[PDB]
Every structure is written in C-alpha cells, then in structure tokens.
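Given as structure tokens, the chain that follows is alone and in the form deposited in one PDB entry.
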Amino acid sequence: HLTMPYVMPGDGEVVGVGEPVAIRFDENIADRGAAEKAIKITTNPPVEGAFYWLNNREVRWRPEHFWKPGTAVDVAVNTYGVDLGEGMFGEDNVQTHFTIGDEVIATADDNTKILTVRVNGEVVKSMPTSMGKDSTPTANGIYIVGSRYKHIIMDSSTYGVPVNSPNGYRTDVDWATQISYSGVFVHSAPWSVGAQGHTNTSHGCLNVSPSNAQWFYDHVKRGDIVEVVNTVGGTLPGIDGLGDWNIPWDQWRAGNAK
C-alpha cells in the first residue's frame, strides 16, 4: 500500500535549459491532484511553472520558457502521510537540488542538413548531418537531451519494428546521445559521411561524423536542447519522455490532473 517517489534530475546535477523536473512513482497514482499538492518546487531566480502528467506514474514540472542559466532548483516531494489516491501513501519524502548550466541549443535544419550547436547564443559547431530518409523521417520539434553512451546497439524491435523488416535495424554505434524515448539519437555514423550535409539516409537518428559525435557526447549534457525543423516528418509527441516542450504552455499549464 506504499509507493516510493523517484526524482530527476539527480541531486547536485548540472543540467541544460530544457530539463524538466520529473517525479516518478513506483505505483499508479489514483489522485494526481494530491500528488501535485505534495510536491513543492522552489526556483532561484523564481519562475512560474506547472505540472503535466506523462503517464499514470510520472509527472513533469517546467516553466513556460527554457530555464535561465544559473538557476538553482529545489524539489521537495512530501508524500509521507499523503493519500495519493485509493489508500496509496508515500513510503518516504524525497528532496533534490540541481542547477542549470549554459544555454545549449542545437538546431538541425532539414533545408540545410546542418546541425548547428549554439552556446549562450553563439555558434560553436556546425555539423553536417544525415537525418531520417523520407520513408522513415525524423520528427520535427524540440527534443531534450537525455543519456549518452560511448557505444551501444540500437535495435528497432525496442520500438515494435522487427529487425528483419524493411525499416528494421540492429546497429552498433559510437558516441550516441539519446534525444527521444522514441529512439532518436545523435551518433557517430562513418557510413553516412558522404550523405551528411546532402541527403537523409537514416531511420530517424541524427547521423554526424565520428569526431562531431564525440564532441557532442563530450560537450552536450542532460537537459540541453536539440530542435529539428523543416523535415517531412510529424512533430515529436509531447508525452514522448523528452518531448515536453512540444506541448504549448496554455495546455501544459492547464495540466491533466483531471
């Protein structure tokens, strides 16, 4: 009858200007209202924010606009003794403190096939890219940078596409930075260096050169932003997991506490 909340980002972490507060419970939350009420978020400098639920176990909090660099955020999840619906109570209280680093926004424009990385508004890298081919396009929208891996395999069956099927793959990649839960990454793609900056050839991933992918791995952090524009795809869903900013503020603010 007890649920434990888990908070992200981590205590003491430095994250980019797109990082939402995430509170995930290990059980379904029958009373979203009570859960929201038990969560106290303080910012310095102070900024307005609001809760939106991604699913029945995880709520997000963010401002209307990207964080200001240098902002300190304090999260207190006070669920001990709170009925979070239908006799489910907090196992414990949780606190986290984190801070916002530099503004890092990397824009991938399908018209130019360049991923340009801007730090506090200035261009620091211009990276030729090859994005999703027309039949398997990269969605447009604002993606929040998640985890990074020096080497992993991306396997399409994770996303319900069989490896043996036309859009299927089971691909070893170096220097992979995850930017959607739907399985978009920025990663090293020696195999598309010819096409980078010219033609889209991937299943959705942002292919860049090995040196550029390594740079991105080394310099871009959780919470930084990749914005994709002008592709033939749709828009990354607001409830992707890293797609929070694609929900307009009016709708986000209104919430879904129901």
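Just so we're on the same page, rigid core means the largest C-alpha set that superposes within 1.5 Å between forms. Residue numbers here begin at 1 and follow the sequence given.
As recorded in the PDB entry, 67-75 is the stretch of 67-75 and 174-182 with the greater mean C-alpha temperature factor.
When 103-111 is weighed against 87-95, 87-95 comes out higher, by mean CA B-factor as recorded in the entry. Per the PDB record, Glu48 has a higher Cα B-factor than any other of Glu48, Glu227, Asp224, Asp218.
You'll see in the entry that, of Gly194, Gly33, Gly204, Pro210, the Cα B factor peaks at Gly33. Ranked by Cα temperature factor within the chain, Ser165 sits in the lowest third according to the deposited record.
Ranked within its chain, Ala189 lands in the lowest third, by CA B factor from the PDB record. The entry lists a Cα temperature factor for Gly234 that places it in the highest third of the chain's modelled residues. When the modelled residues of the chain are ordered by C-alpha B-factor, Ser130 sits in the lowest third. In the PDB entry, a CA B factor belonging to the highest third of its chain's modelled residues is recorded for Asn120.
Another form exists, deposited in another entry; not displayed. Remarks below refer to it.
Only one of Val119, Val161, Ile114, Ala76 has its C-alpha shifted by 2 Å or more between the shown form and the other one once the core is superposed, and that residue is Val161.
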